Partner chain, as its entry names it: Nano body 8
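For reference, the chain that follows is the form solved without the partner chain, supplied as structure tokens.
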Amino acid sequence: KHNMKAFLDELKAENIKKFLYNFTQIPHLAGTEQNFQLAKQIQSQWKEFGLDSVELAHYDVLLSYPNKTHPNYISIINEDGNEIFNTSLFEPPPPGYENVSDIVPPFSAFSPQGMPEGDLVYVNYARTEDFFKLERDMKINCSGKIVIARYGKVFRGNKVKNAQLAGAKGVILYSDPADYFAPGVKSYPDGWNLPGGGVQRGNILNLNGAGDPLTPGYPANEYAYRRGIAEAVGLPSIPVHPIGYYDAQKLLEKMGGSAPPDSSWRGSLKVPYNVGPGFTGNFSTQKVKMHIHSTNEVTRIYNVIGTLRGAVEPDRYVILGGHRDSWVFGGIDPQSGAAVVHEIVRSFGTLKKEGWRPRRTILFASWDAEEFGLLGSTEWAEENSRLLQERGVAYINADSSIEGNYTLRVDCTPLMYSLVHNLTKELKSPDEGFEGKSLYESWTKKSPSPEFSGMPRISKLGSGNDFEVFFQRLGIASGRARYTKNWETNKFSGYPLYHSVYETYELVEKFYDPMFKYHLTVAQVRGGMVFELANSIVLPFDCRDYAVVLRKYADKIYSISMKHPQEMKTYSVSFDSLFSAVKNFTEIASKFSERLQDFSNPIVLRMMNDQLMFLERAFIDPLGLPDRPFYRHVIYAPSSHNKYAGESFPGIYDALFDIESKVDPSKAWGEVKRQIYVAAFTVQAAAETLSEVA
């Protein structure tokens, strides 16, 4: 039989291992020839594997690279302007790769050029709350200072935006061992920890969903009109550069001024973590100087797009997409994920060769330039937005399959909760101690839902990956799943060797997943989800799961507001309309579900599959959220303080945030009320898409 079990059984751990090895021998930086070569290789193999068509879709987008003949570095400069200390020009290459060419040195992509010199202020993680503490409580002024921040907690672009708005003239990012060195494990190559010479690459844009900075709204095709650099979206205005903890220790050890305000500001290095500004008495005349010479350059990128045409509903698309570009070798990020997609295609192709086709069309994507701001996926979605919004059933992302070896991590629309629970109950746990048990059982045990006994935790979708355009811009139901660590406090920080030259095939094979069983389990989860979404006669979405979370989010936003009872009285701020809409959504969703259970009529079925498919779409507001036009979903947006995290009722949340500091409370509470009305209306409108149609 050609059924999900046939699909799942064809997947092999050994194939995923071979593909990962194949994809990680040389760097595949976006815009480079080696990444174009790998695109062509994947295109060829997907054809060989049996897909109906496999094309490259190319765009010319703004990328950023260091100047090969004029290296980026930071100095401590004395009174005379002698540079007495210089940060490294490169990470020490790992064993056996000390000769591999074209390893991009650590840099912050899209930094402007400059050579600012000044006094350091240490700003902890450079979060909103850290800047509040400095400016409001400690009365330290970052204006004209170079700020030094530890990586972790939040997306680095938010750190840079926050430092910019505090008036910094430059930013130094570093990896603290507190955040990137797990106690009791060895540094690479002897373990999975970050060495003191290791450095995390990464872009520092604030795109808010725009895609290529030069062509917001429209694909960066051959005839595209581009903005000038001065009008580009999301570029930082101050130089930024990342360093490792050996170099950071040299910059931090001499810091003076104020003590750290408390222990949450102290990392693990042997330094006081003084906030500054400047150095202690003896060194008070020394300064820090950055030298940044990177250039932004419009560069061609290539997505690979594979199609497996549906037998019955070829005009309904289920999309499995993940990126191919890497900072260096991409051992975890993204080739762990791409090897799994490759094996999924291979398995589907095997069934296809035996005469099977999925009911709906499956699209497979190898995205380019994800590392430079989700550019490949977003440009292709801009090009194809009309097809995706009227035909897009679901999007499953497929970046790194693993970031740990403890248990499963799933973020998805509530519409897929039931699908995920049911599938995981049917898969074998790969975990030690759970042999013979389901993945559901091991996952539920290791990661319990905070809300419900006997269920696992599933999180809201945030951002920082290629599902952003499909979910928050276009409103297509989206999901993602990977194996993760047990390190609750490091949730948004990344695994130690994130975006470092040390992220290699050997890292994975030796220390993460020697038997490739966690990769195989993730291939079963991602592939199984795609199989059910593409083959189930009724789409496997349960609208009642949305009703449950809408009530939780309404309770949560109401609680936030109720910290300000006097203002809610003065300004007549009521959540009644939002609770009413949620109540209605609950009631209508319950009725729709009964009808879905209670209908040989393919029109009624497709009418009802259309209602299911367009239900995520109904949460889109075509006017977007305030000052963020490409975040259109009214229930979920990436947090304005941390792009990785999702926020619920983001429009109301942002209207309430720090409201006690607004100078015009009447205006500020008016805007709260406006956002309550938008959210209540959108909930009611989405509910009504599930009413009888006539």
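Numbering follows the first chain given and starts at 1.
Unmodelled residues of the deposited sequence between neighbouring positions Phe599 and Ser600 number 1 to 3. Between the stretches 299-307 and 222-230, it is 222-230 that shows the larger average CA temperature factor. Here 317-325 and 255-263 are compared by their mean Cα B-factor, and 255-263 comes out higher. Out of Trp380, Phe471, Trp356, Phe364, the entry records its largest CA B-factor for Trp356. Per the deposited coordinates, the residue with the largest Cα temperature factor out of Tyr417, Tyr395, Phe492, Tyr553 is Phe492.
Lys12: CA B factor in the highest third of modelled residues in this chain (values from the PDB entry). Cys412 sits in the lowest third of its chain by CA B factor, as recorded in the PDB entry. Annotation for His499: C-alpha temperature factor in the lowest third relative to the rest of the modelled chain, per the entry. In the PDB entry, a CA B factor belonging to the middle third of its chain's modelled residues is recorded for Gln37.
Per the PDB record, residue ranking by Cα B-factor puts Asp399 in the lowest third of the chain.
Not on display, but discussed next: the form solved in complex with the partner chain.
When the partner chain is considered in the deposited complex, only one residue from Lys352, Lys289, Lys250, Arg127 comes within 4.5 Å through any heavy atom, namely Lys250. Here is the short version: of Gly118, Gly114, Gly196, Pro105, the single residue with a heavy atom within 4.5 Å of the partner chain in the deposited complex is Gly196.
Note that among 270-278, 132-140, 84-92, 201-209, the stretch whose heavy atoms approach the partner chain to within 4.5 Å in the deposited complex is 84-92. Taken together, the three residues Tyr246, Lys254 and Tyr502 all lie with some non-hydrogen atom within 4.5 angstroms of the partner chain in the deposited complex.
Although the partner is absent here, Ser264 is not a contact residue: none of its heavy atoms lies within 4.5 angstroms of the partner chain in the deposited complex. Taking non-hydrogen atoms only, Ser459 never approaches the partner chain to within 4.5 angstroms in the deposited complex. At least one heavy atom of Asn78 is located within 4.5 Å of the partner chain in the deposited complex.
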